[PDB]
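Working notes, beginning with the structure itself.
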Amino acid sequence: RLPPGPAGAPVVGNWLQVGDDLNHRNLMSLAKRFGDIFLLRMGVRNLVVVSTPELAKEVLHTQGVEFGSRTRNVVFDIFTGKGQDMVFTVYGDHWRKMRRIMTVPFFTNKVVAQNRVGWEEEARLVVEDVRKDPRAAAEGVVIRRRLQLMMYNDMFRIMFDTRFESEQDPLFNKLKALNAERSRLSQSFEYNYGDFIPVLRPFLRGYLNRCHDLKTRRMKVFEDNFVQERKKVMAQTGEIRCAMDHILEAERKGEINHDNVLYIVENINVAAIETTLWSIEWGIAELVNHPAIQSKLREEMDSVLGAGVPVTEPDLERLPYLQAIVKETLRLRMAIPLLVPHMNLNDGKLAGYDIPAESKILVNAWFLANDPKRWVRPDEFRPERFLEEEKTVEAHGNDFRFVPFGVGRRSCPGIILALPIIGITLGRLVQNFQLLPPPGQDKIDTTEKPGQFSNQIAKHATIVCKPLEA
Ligand code: HEM
């Protein structure tokens with residue numbers, strides 16, 4: 001009836017057997033013991049993990065409604081207003097409304113066309129700042145730091161038609177720290193006792209007070225420094241000139257309330273910025289460690305675009321090797337490796353097993369994308385696979401082995417923004433630098449740090465960026 005799994009113990013369930021760190025690696029090991037679908041009890045919380053494309057199809061597509069909700073806990077409830085946001089809402093009319101209101105301002109080809117030259121410039125500014133850093137060509141630079149500013153500027157250009165001038169900008173650093181604390185508080189293991197053993201919830205008072213205050217400070221910065229300016233600019237310009245203008249217009253029309261507006265901002269800041277950065281950083285690391293692939297990419301852009309001609313968004317469709325490098329980075333180095341948790345509001349069935357209502361459903365998407373029984377040597381960083389035996393497999397999940405952006409109703413709408421940003425950024429870097437390891441090393445250390453939320457390079461990479469002219 002229930003899926004197989006390790007026998008639990010009273011009130012702790014499997015918590016003390018498996019620990020707090022549930023990631024795509026040790027969930028693979030459990031799948032090796034218990035099969036394509038297995039159950040864990042984290043105290044009172046049911047967790048179901050599926051590890052086949054067939055089961056991903058069931059969770060994401062065939063029963064996409066039945067399993068189309070999100071799990072929450074007392075911490076995420078504070079930050080999302082108990083699902084008054086977009087990401088962490090259950091499936092229903094609220095989610096439909098939010099998803100619809102966000103489509104025109106954020107997630108169309110027109111949004112891409114209106115923002116691509118900003119993305120292209122922010123990428124060029126990364127190159128210029130690294131190009132002038134004396135360390136970059138010598139011991140190397142931790143390039144994700146400058147790329148972080150690029151991601152902030154790309155996303156705040158879309159949201160508010162604004163950017164941050166430098167890594168030293170006070171507002172940029174204030175916002176960065178609030179976003180970091182927002183995610184640290186929601187991803188910390190230290191509140192698990194009160195979620196898994198709910199009778200202990202009173203002892204979380206202090207932790208939850210900390211979450212309240214963080215939300216207060218973070219929403220205040222969103223409001224004071226970005227949202228209120230748009231109301232002012234909207235009134236004086238009389239028009240709708242950025243994504244969040246559309247959102248505020250929906251509030252003015254009475255379709256949403258101001259809390260919904262701020263939760264959209266809250267969502268984009270945790271869903272879009274560091275997430276894209278992880279893939280860019282991973283791709284840089286693998287390009288350093290695969291010089292032949294790096295040179296082949298550089299040759300593609302020179303051949304297709306011409307020498308010295310910068311890559312732009314409309315060029316990506318005629319740079320299939322660049323696109324394949326991006327897909328292979330999302331495959332081998334999938335940085336959101338368990339997607340986002342799904343949840344069934346009502347009792348359901350998967351693979352014939354009964355799934356209790358409100359179970360947390362995890363798709364091990366990294367494993368789907370790296371299963372040696374379903375891919376040709378997935379351990380290799382081989383972008384050519386997406387030009388050869390995988391040449392029809394795309395990032396939007398037409399093949400249920402490769403679902404880095406999900407599939408179906410709860411799939412990532414930001415795919416339309418992430419893919420061009422990654423491609424432009426990697427292309428621009430390779431057009432201007434030889435990407436090399438630091439002098440004392442032959443390779444970038446690509447050891448994973450797998451967690452329930454992200455699969456980041458464990459050590460932020462120090463990259464030597466040697467100008468091609470040097
Ligand atoms: C490489 C970068 C990114 C990756 C790999 C990624 C991946 C994902 C995944 C796996 C999900 C959940 C799929 C599921 O629940 O089955 C998701 C959801 C979401 N993503 Fe992204 N994403 C990226 C960038 C972005 C960006 C740039 C934005 C917005 C500008 C964004 C906005 C969202 C939103 C709003 C959701 C929630 C969708 C819903 O629950 O209805 N993402 N993303």
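Chains: A, B, ... in order of the structure tokens. Residues: from 1 per chain. Ligands: from 1, in order shown.
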
Contact residues around residue A:329 with only C-alpha atoms at 10 Å, ignoring same-chain residues under 5 positions, as a PDB file with C-alpha atoms, in the first residue's frame:
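So the final result, stored in selection_29.pdb, reads:
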```
ATOM      1  CA  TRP A 278      25.078  28.364  -9.810  1.00  0.00           C
ATOM      2  CA  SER A 279      24.697  27.133 -13.391  1.00  0.00           C
ATOM      3  CA  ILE A 280      26.901  29.917 -14.770  1.00  0.00           C
ATOM      4  CA  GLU A 281      29.589  29.142 -12.194  1.00  0.00           C
ATOM      5  CA  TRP A 282      29.344  25.402 -12.878  1.00  0.00           C
ATOM      6  CA  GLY A 283      29.645  26.000 -16.615  1.00  0.00           C
ATOM      7  CA  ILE A 284      32.704  28.200 -16.143  1.00  0.00           C
ATOM      8  CA  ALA A 285      34.315  25.507 -13.997  1.00  0.00           C
ATOM      9  CA  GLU A 286      33.724  22.777 -16.575  1.00  0.00           C
ATOM     10  CA  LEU A 287      34.956  24.999 -19.409  1.00  0.00           C
ATOM     11  CA  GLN A 323      23.374  25.958 -26.313  1.00  0.00           C
ATOM     12  CA  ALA A 324      24.580  22.367 -25.849  1.00  0.00           C
ATOM     13  CA  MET A 334      22.078  20.391 -12.279  1.00  0.00           C
ATOM     14  CA  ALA A 335      22.065  22.961  -9.489  1.00  0.00           C
ATOM     15  CA  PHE A 381      30.852  16.612 -19.424  1.00  0.00           C
ATOM     16  CA  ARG A 382      30.124  16.011 -23.115  1.00  0.00           C
ATOM     17  CA  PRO A 383      28.034  18.802 -24.667  1.00  0.00           C
ATOM     18  CA  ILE A 422      23.486  31.677 -19.112  1.00  0.00           C
TER      19      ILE A 422
END
```

May I have the residues within 7 Å of ligand 1, computed using only C-alpha atoms and all ligand atoms, as an NGL selection string?
:A and (60 or 86-88 or 99 or 106 or 155 or 267-268 or 271-273 or 275-276 or 279 or 335-336 or 339-342 or 404-407 or 409-415 or 417-419)

Grab the residues selected above and save them as a tab-separated table (two decimals), in the first residue's frame with N, CA, C and O atoms.
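Writing the result to part_7.tsv gives the following:
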```tsv
chain	number	residue	atom	x	y	z
A	60	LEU	N	4.71	15.15	-12.42
A	60	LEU	CA	4.76	16.48	-13.01
A	60	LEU	C	3.71	16.69	-14.09
A	60	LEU	O	3.26	17.83	-14.29
A	86	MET	N	3.78	33.01	-5.07
A	86	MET	CA	3.65	32.25	-6.30
A	86	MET	C	4.27	30.86	-6.18
A	86	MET	O	3.65	29.87	-6.58
A	87	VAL	N	5.48	30.77	-5.65
A	87	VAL	CA	6.19	29.50	-5.66
A	87	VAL	C	5.55	28.52	-4.69
A	87	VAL	O	5.26	27.37	-5.05
A	88	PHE	N	5.32	28.94	-3.45
A	88	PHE	CA	4.98	28.04	-2.35
A	88	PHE	C	3.49	28.00	-2.06
A	88	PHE	O	3.08	27.66	-0.94
A	99	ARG	N	0.09	32.95	-11.39
A	99	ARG	CA	0.80	32.49	-12.58
A	99	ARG	C	0.38	33.30	-13.80
A	99	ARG	O	1.22	33.66	-14.63
A	106	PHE	N	6.80	39.09	-17.02
A	106	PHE	CA	8.05	38.40	-16.74
A	106	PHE	C	8.46	37.37	-17.78
A	106	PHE	O	9.66	37.17	-17.98
A	155	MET	N	18.03	40.82	-13.06
A	155	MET	CA	16.69	40.60	-12.52
A	155	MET	C	16.04	41.89	-12.04
A	155	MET	O	14.82	42.04	-12.16
A	267	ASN	N	9.63	36.20	-3.99
A	267	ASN	CA	9.85	34.95	-4.72
A	267	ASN	C	10.96	35.10	-5.75
A	267	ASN	O	11.84	34.24	-5.86
A	268	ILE	N	10.91	36.17	-6.55
A	268	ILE	CA	11.90	36.32	-7.61
A	268	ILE	C	13.30	36.40	-7.03
A	268	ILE	O	14.26	35.88	-7.61
A	271	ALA	N	14.24	32.82	-6.23
A	271	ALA	CA	14.06	31.83	-7.29
A	271	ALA	C	14.95	32.06	-8.50
A	271	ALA	O	15.20	31.10	-9.25
A	272	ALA	N	15.45	33.27	-8.71
A	272	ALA	CA	15.99	33.65	-10.00
A	272	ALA	C	17.47	34.02	-10.00
A	272	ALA	O	18.11	33.89	-11.04
A	273	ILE	N	18.02	34.48	-8.88
A	273	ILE	CA	19.30	35.17	-8.90
A	273	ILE	C	20.45	34.19	-8.65
A	273	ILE	O	21.29	33.98	-9.52
A	275	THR	N	20.16	31.03	-8.26
A	275	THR	CA	19.89	29.80	-8.99
A	275	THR	C	20.56	29.82	-10.36
A	275	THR	O	21.25	28.87	-10.75
A	276	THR	N	20.36	30.90	-11.12
A	276	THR	CA	21.02	31.04	-12.41
A	276	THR	C	22.53	31.12	-12.23
A	276	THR	O	23.29	30.56	-13.03
A	279	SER	N	24.47	27.76	-12.09
A	279	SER	CA	24.70	27.13	-13.39
A	279	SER	C	25.80	27.85	-14.16
A	279	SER	O	26.63	27.19	-14.82
A	335	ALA	N	21.85	22.26	-10.75
A	335	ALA	CA	22.06	22.96	-9.49
A	335	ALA	C	20.81	23.06	-8.62
A	335	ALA	O	20.93	23.44	-7.45
A	336	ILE	N	19.64	22.74	-9.16
A	336	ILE	CA	18.42	22.54	-8.38
A	336	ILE	C	18.07	21.07	-8.54
A	336	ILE	O	17.16	20.72	-9.31
A	339	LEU	N	14.49	19.57	-7.85
A	339	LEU	CA	13.47	20.53	-8.25
A	339	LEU	C	12.99	21.32	-7.04
A	339	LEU	O	13.80	21.76	-6.22
A	340	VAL	N	11.68	21.53	-6.95
A	340	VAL	CA	11.03	22.14	-5.79
A	340	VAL	C	10.08	21.08	-5.26
A	340	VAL	O	9.54	20.30	-6.06
A	341	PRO	N	9.86	20.97	-3.95
A	341	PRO	CA	8.97	19.91	-3.46
A	341	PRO	C	7.56	20.05	-4.03
A	341	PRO	O	7.01	21.15	-4.10
A	342	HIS	N	6.99	18.93	-4.44
A	342	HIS	CA	5.58	18.84	-4.78
A	342	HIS	C	4.81	18.24	-3.60
A	342	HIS	O	5.39	17.74	-2.64
A	404	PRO	N	15.45	19.85	-15.90
A	404	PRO	CA	16.07	20.84	-15.00
A	404	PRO	C	15.15	21.99	-14.64
A	404	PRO	O	15.35	22.63	-13.59
A	405	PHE	N	14.15	22.30	-15.47
A	405	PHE	CA	13.18	23.35	-15.20
A	405	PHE	C	11.80	22.79	-14.91
A	405	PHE	O	10.80	23.51	-15.01
A	406	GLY	N	11.72	21.51	-14.57
A	406	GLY	CA	10.44	20.89	-14.37
A	406	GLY	C	9.69	20.68	-15.67
A	406	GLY	O	10.18	20.92	-16.78
A	407	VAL	N	8.46	20.19	-15.51
A	407	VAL	CA	7.56	19.96	-16.63
A	407	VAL	C	6.15	20.26	-16.16
A	407	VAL	O	5.80	20.04	-14.99
A	409	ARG	N	2.53	21.89	-15.09
A	409	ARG	CA	1.84	23.04	-14.51
A	409	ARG	C	2.74	23.85	-13.59
A	409	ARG	O	2.71	25.08	-13.61
A	410	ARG	N	3.55	23.19	-12.76
A	410	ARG	CA	4.42	23.89	-11.82
A	410	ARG	C	5.84	24.08	-12.35
A	410	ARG	O	6.75	24.34	-11.57
A	411	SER	N	6.04	23.95	-13.66
A	411	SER	CA	7.37	24.08	-14.24
A	411	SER	C	7.87	25.51	-14.10
A	411	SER	O	7.12	26.45	-13.86
A	412	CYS	N	9.18	25.67	-14.28
A	412	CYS	CA	9.79	26.98	-14.15
A	412	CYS	C	9.33	27.89	-15.28
A	412	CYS	O	9.61	27.60	-16.45
A	413	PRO	N	8.64	29.00	-14.99
A	413	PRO	CA	8.38	29.98	-16.05
A	413	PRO	C	9.61	30.79	-16.41
A	413	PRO	O	9.67	31.35	-17.51
A	414	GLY	N	10.60	30.84	-15.53
A	414	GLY	CA	11.81	31.61	-15.77
A	414	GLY	C	12.78	30.98	-16.74
A	414	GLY	O	13.79	31.61	-17.07
A	415	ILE	N	12.50	29.76	-17.20
A	415	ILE	CA	13.36	29.11	-18.20
A	415	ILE	C	13.64	30.06	-19.35
A	415	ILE	O	14.77	30.13	-19.86
A	417	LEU	N	14.03	33.13	-19.40
A	417	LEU	CA	15.03	34.12	-19.04
A	417	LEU	C	16.37	33.49	-18.70
A	417	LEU	O	17.42	34.03	-19.07
A	418	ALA	N	16.36	32.36	-18.00
A	418	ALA	CA	17.60	31.76	-17.54
A	418	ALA	C	18.46	31.27	-18.70
A	418	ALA	O	19.67	31.50	-18.72
A	419	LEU	N	17.84	30.59	-19.67
A	419	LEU	CA	18.62	30.03	-20.76
A	419	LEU	C	19.39	31.08	-21.54
A	419	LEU	O	20.61	30.90	-21.75
```

What separation in Å, quoted to one decimal, exists between atom CA of residue A:384 and atom CA of residue A:466?
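Straight-line distance from atom CA of residue A:384 to atom CA of residue A:466 works out to 25.8 Å.
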
Near residue A:262, within 10 Å and counting only C-alpha atoms, which residues show up once chain neighbours fewer than 2 positions away are dropped, as a ChimeraX atom specification?
/A:80,84-85,218-220,222-223,227,244,247-248,257-260,264-268

Can I get the selected residues back with N, CA, C and O atoms, as a CSV table (one decimal), in the first residue's frame?
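Here's the written file part04.csv:
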```csv
chain,number,residue,atom,x,y,z
A,80,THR,N,6.1,33.3,3.2
A,80,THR,CA,5.2,33.3,2.1
A,80,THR,C,3.8,33.8,2.4
A,80,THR,O,2.9,33.8,1.6
A,84,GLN,N,0.5,32.9,0.1
A,84,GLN,CA,0.0,34.0,-0.7
A,84,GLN,C,1.0,34.5,-1.7
A,84,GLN,O,0.8,35.6,-2.3
A,85,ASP,N,2.1,33.7,-2.0
A,85,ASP,CA,3.1,34.0,-3.0
A,85,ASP,C,2.8,33.3,-4.3
A,85,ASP,O,1.6,32.9,-4.5
A,218,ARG,N,13.4,42.8,5.1
A,218,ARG,CA,13.5,42.5,3.7
A,218,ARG,C,12.3,43.2,2.9
A,218,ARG,O,12.6,43.9,1.9
A,219,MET,N,11.1,43.0,3.4
A,219,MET,CA,10.0,43.6,2.7
A,219,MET,C,10.1,45.1,2.8
A,219,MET,O,9.7,45.8,1.9
A,220,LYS,N,10.6,45.7,3.9
A,220,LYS,CA,10.8,47.1,4.0
A,220,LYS,C,11.7,47.6,2.9
A,220,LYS,O,11.5,48.7,2.3
A,222,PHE,N,12.4,46.1,0.0
A,222,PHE,CA,11.6,46.0,-1.3
A,222,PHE,C,10.7,47.2,-1.4
A,222,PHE,O,10.6,47.9,-2.5
A,223,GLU,N,9.9,47.5,-0.4
A,223,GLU,CA,8.9,48.6,-0.4
A,223,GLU,C,9.6,49.9,-0.5
A,223,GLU,O,9.3,50.7,-1.4
A,227,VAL,N,9.6,49.4,-4.6
A,227,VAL,CA,8.2,49.4,-5.0
A,227,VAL,C,7.6,50.9,-5.0
A,227,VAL,O,6.9,51.3,-5.9
A,244,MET,N,7.3,45.0,-12.6
A,244,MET,CA,6.5,45.2,-11.4
A,244,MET,C,5.5,46.4,-11.5
A,244,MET,O,4.6,46.5,-10.7
A,247,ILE,N,2.5,44.4,-12.2
A,247,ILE,CA,2.1,43.8,-11.0
A,247,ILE,C,1.3,44.8,-10.1
A,247,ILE,O,0.2,44.6,-9.6
A,248,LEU,N,1.9,46.0,-10.0
A,248,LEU,CA,1.2,47.1,-9.2
A,248,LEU,C,-0.1,47.5,-9.9
A,248,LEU,O,-1.1,47.8,-9.3
A,257,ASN,N,-3.6,42.0,-3.8
A,257,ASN,CA,-3.4,42.9,-2.7
A,257,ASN,C,-1.9,43.2,-2.7
A,257,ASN,O,-1.1,42.6,-3.3
A,258,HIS,N,-1.5,44.2,-1.8
A,258,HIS,CA,-0.2,44.7,-1.8
A,258,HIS,C,0.8,43.6,-1.3
A,258,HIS,O,1.9,43.5,-1.6
A,259,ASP,N,0.3,42.7,-0.4
A,259,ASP,CA,1.1,41.6,0.1
A,259,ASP,C,1.5,40.7,-1.0
A,259,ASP,O,2.6,40.3,-1.2
A,260,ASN,N,0.5,40.4,-1.9
A,260,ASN,CA,0.8,39.6,-3.1
A,260,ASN,C,1.9,40.2,-3.9
A,260,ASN,O,2.8,39.5,-4.4
A,264,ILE,N,5.6,38.4,-4.6
A,264,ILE,CA,6.2,38.2,-5.9
A,264,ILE,C,7.7,38.7,-5.9
A,264,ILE,O,8.6,38.0,-6.4
A,265,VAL,N,7.9,39.9,-5.4
A,265,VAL,CA,9.3,40.3,-5.3
A,265,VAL,C,10.1,39.4,-4.4
A,265,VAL,O,11.2,39.0,-4.8
A,266,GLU,N,9.5,38.9,-3.3
A,266,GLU,CA,10.2,38.0,-2.4
A,266,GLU,C,10.6,36.7,-3.2
A,266,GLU,O,11.7,36.2,-3.0
A,267,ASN,N,9.6,36.2,-4.0
A,267,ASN,CA,9.8,35.0,-4.7
A,267,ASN,C,11.0,35.1,-5.8
A,267,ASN,O,11.8,34.2,-5.9
A,268,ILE,N,10.9,36.2,-6.5
A,268,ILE,CA,11.9,36.3,-7.6
A,268,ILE,C,13.3,36.4,-7.0
A,268,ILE,O,14.3,35.9,-7.6
```

Could you find all residues in stretch 173-385 of chain A that DSSP calls helix (DSSP H, G or I) from the backbone, and write them as a ChimeraX atom specification?
/A:173-187,189-196,198-237,243-252,258-271,273-289,291-305,313-318,320-332,365-370,383-385

Using DSSP on the backbone, list every residue of stretch 251-428 of chain A that comes out as strand (DSSP E or B), and give them as an MDAnalysis selection string.
chainID A and resid 342:343 348:350 353:355 360:363
